[PDB]
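So the sequence lines, in the order shown, correspond to chains A and J.
Sequential numbering from 102 applies to the first sequence in the deposited numbering.
Sequential numbering from 187 applies to the second sequence in the deposited numbering.
Using N, Cα and C, we set each Cβ at its ideal position, and we do this for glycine too.
Since the structure comes first, as structure tokens, the remarks are kept for the end.
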Amino acid sequence: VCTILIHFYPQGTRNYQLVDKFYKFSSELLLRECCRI
Amino acid sequence: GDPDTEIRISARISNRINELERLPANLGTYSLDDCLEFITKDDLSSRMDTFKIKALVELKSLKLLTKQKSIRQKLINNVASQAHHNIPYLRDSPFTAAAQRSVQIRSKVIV
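See below:
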């Protein structure tokens with residue numbers, strides 16, 4: 102879904118950077134706590 | 187007064203100054219309320235400096251002490267220096283009114 106929303110918008114819109122930040126936050130959230138588990 | 191127990195106060199303030207001046211400058215908080223902001227890899231949370239401001243208000247308030255002393259002297263030595271024109275129950279007494287009246291007596295003209 103993040104690659105789809107990156108390719109959908111141009112590189113300068115705010116919904117490009119929000120999807121980038123959301124990917125960073127959620128990938129960080131899912132890399133940890135499966136290391137604990 | 188009593189400059190025995192004046193130095194024992196002015197040696198506790200140098201303690202606090204030379205204890206606050208050994209904190210690291212890269213001091214920062216982490217409150218329990220940053221979880222509601224979803225800080226990314228580089229996002230710059232807005233409650234990072236709630237201890238370093240507080241650790242400078244003390245360190246600069248304990249160096250501006252002999253400035254507020256010099257402002258309090260100029261306040262008290264110009265409020266208490268009148269003391270008989272602003273306070274109502276002092277400028278209505280017999281003796282104060284008689285003294286202020288008697289200082290204004292113009293000298294007698296001989297002939």
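Item: Alpha-carbon to alpha-carbon, J:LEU276 and J:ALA269; Value: 8 Å
Item: Cutoff 7 Å; reference residue 299 of chain J; Cβ partners in own chain excluding five residues on either side; Value: Lying outside 187 to 297, the shown extent of chain J, residue 299 of chain J is not represented and no answer is given.
Item: Nearest to J:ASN204 (by Cα), restricted to the options J:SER231, J:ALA285 and J:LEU245; Value: J:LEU245
Item: Under 8 Å by beta carbon: chain A residues contacting J:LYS227; Value: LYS125 and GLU129
Item: A:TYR110 vs A:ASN116 beta-carbon contact at 8 Å; Value: yes
Item: CB contact below 8 Å: J:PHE224 versus chain A; Value: yes
Item: Sequence ranges, beta strand (DSSP E) only - wholly within the segment 235 to 268 of chain J, length at least 3; Value: none
Item: Assigned exposure category for A:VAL102 - 16 Cβ within 10 Å defines buried; Value: exposed
Item: Cut-off 8 Å between Cβ atoms - residues of its own chain near A:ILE107, not counting five sequence neighbours on either side; Value: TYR117, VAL120 and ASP121
Item: At least 3 beta-carbon pairs within less than 8 Å: the segment 125 to 134 of chain A vs the segment 222 to 229 of chain J; Value: yes
Item: Residue interval of the alpha helix (DSSP H) (run including J:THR191); Value: 190 to 196
Item: Bounding residues of the alpha helix (DSSP H) (the contiguous stretch that carries A:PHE126); Value: 115 to 132
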